[PDB]
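Accompanying notes for the structure given below.
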Amino acid sequence: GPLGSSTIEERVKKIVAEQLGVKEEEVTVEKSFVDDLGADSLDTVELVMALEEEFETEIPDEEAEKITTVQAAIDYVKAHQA
């Protein structure tokens, strides 16, 4: 966002864009990491870790299995903040 302001949504979308090597603009909330954004097994392992670091949160491996979309990653991060 302007002058370094950024929402949880924008921060998830930037981390996903960086990790999966796609335009921030192709990272919409409806997107599947695997089916839409071409994440392989290693991409997903590293993406979990990049989200954990950005948001200073622990995503347990079995929660991480269910986070199949950009929307789920936003809702998980928002829930472990509020």
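Observations
- Residues with amide H under 5 Å from that of residue 69, placed H, sequence gap 5 or more: 33
- Total formal charge among the other residues, if their Cβ is under 11 angstrom from that of residue 39, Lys/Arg +1 and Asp/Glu -1: -4
- Straight-distance candidates among the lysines for linking to residue 31, with alpha-carbon spacing under 16 Å and chain neighbours fewer than 8 residues away dropped: 13, 14, 23, 66.
- Note, ³J(HN,Hα) from phi for the range 58-68, Karplus 6.51, -1.76, 1.60, rounded to Hz, x at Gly and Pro: 9, 9, x, 3, 7, 5, 4, 4, 8, 8, 9
- Distance-filtered residues of the range 1-45 - backbone nitrogen under 11 Å, label point 7 angstrom along residue 81 Cα→Cβ: 6-13
Using ideal geometry, Cβ is built from the backbone for each residue, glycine included, and neighbour counts are taken over all protein chains shown. Bear in mind these aren't lab numbers, they're just calculated from the coordinates by the rules spelled out.
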